[PDB]
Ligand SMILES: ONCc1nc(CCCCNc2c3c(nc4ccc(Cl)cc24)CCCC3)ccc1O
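Read the single chain below, which is given as structure tokens and is the form solved without the ligand.
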């Protein structure tokens, strides 16, 4: 049977799924790790023990325990990101969409979800792998990994909660794909990992980590890079936040054993309930439990690793969206609301700058403010709003990614950069948010090919070009068709630094994606806060 696959861990049984008038196979909820429950909470993941019998892989698995967005109850714009399944610490599963008939050795694409390392599910509608598997005949895999404290609590030194275990969860899924994707017709020598936001930083992290690089071929990073200011912390900060977590649960804090034993007695929701209380500053775009620079997964600091070329050299494709910061401002910055144009006052702008560059002294704040204020129209509320939107996206997504692409390109074997700036015709979020963080995902996963979702025709063509670029690049290391007549996405080089826009219009090539602002964020400001 086409829905029966025998792997190294046991026999698995799929289900047939209709997709665009046709059908493909889907193996939902295949387990790749022992449930990290009980005393295994915070611990490294363990390999799933092989099983006898047939594993029912016809329905989605549980989503990992996470914080749930209740900012707009019933709003699809935000609920579409929430877990659409029962949450459970027993969540280490992966999903596979396989063309029908089953290929023999085809290109593999592994998806790593975003969610700031505190949230995210592999079972979300926008992550449905069937359209991409089908349209590009690639074997699509979506893994899962523990988030929040469960996946990132870090008490360096202890082996009970070493930190980075969520990253390890992902590595174990990539190990399992390496080991078994062949039986599903996947070519293990050609797996491309790709993700968005935290999933993007994750991708860059496996490129960086020595223990992870031999497990994939190529990489795609959407709106995220490993060196992101919000994606990692020192062991001291990790430790400092774990203890704080404990102090919120009235835990004995005399020793790591004491702490950890207590955290393990608490029900998931108690940890999730005080999770946000541990951030060191009042901040926007910062999350409690994230990867830690521990000396193991990350041998040394990310910067020294990038500087030395201490990383997997291969091809990479990555880019960002035009208005990456609007979400974070809508959620916590004063003056922004879902149903108003969110025109910001000078004072709210300033409240905003403070909230966006948390780790900044007065001198630093004045510099960001000077860099983004039109002193000839400083009370223009739309300018203040958009300025603040740029500050958040440049500081948190674009400049770190630009810094990563520039360091990477020096030793890599091929870079392709995009700037995605088409705003979806059916976006339920307000106009002022622009081309929102996370809204290139639906084009990557091909939702515009399904009529009832109401995209325009030019949108479906974009989705197809994007899907074909992603899959062609995964297949070859180049997004362009060997001899197509379509315009060529040029390669990004240290010298030219070319990139392309990604929208419904005829492809345009440009250079130095936000240099002016990224020289400020990657060179000037850091140099200024270090002297002050």
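Numbering follows the first chain given and starts at 1.
Below, we refer to the form solved in complex with the ligand, which is not included among the displayed structures.
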Margin query: Quick one: 205, 235 and 298 and the ligand in the deposited complex, is every residue within 4.5 Å by at least one heavy atom?
Written below: no
Next item on the list: Answer yes if any heavy atom of residue 284 is within 4.5 Å of a heavy atom of the ligand in the deposited complex; otherwise answer no.
Entry: yes
Check: Contact between residue 408 and the ligand in the deposited complex at 4.5 Å, heavy atoms?
Finding: no
Note to self: Would you classify residue 71 as touching the ligand in the deposited complex, given a 4.5 Å non-hydrogen atom cut-off?
What the structure shows: yes
Checklist line | 4.5 Å heavy atom contact, residue 332 and the ligand in the deposited complex | finding: yes
Notebook entry, point to check: With the partner removed from view, which of 271-279, 299-307, 182-190, 92-100 is the stretch that lies within 4.5 Å of the ligand in the deposited complex, judged by heavy atom distances?
Noted result: 271-279
Checklist line | Listed residue (118, 336, 216, 349) with a non-hydrogen atom within 4.5 angstroms of the ligand in the deposited complex | finding: 118
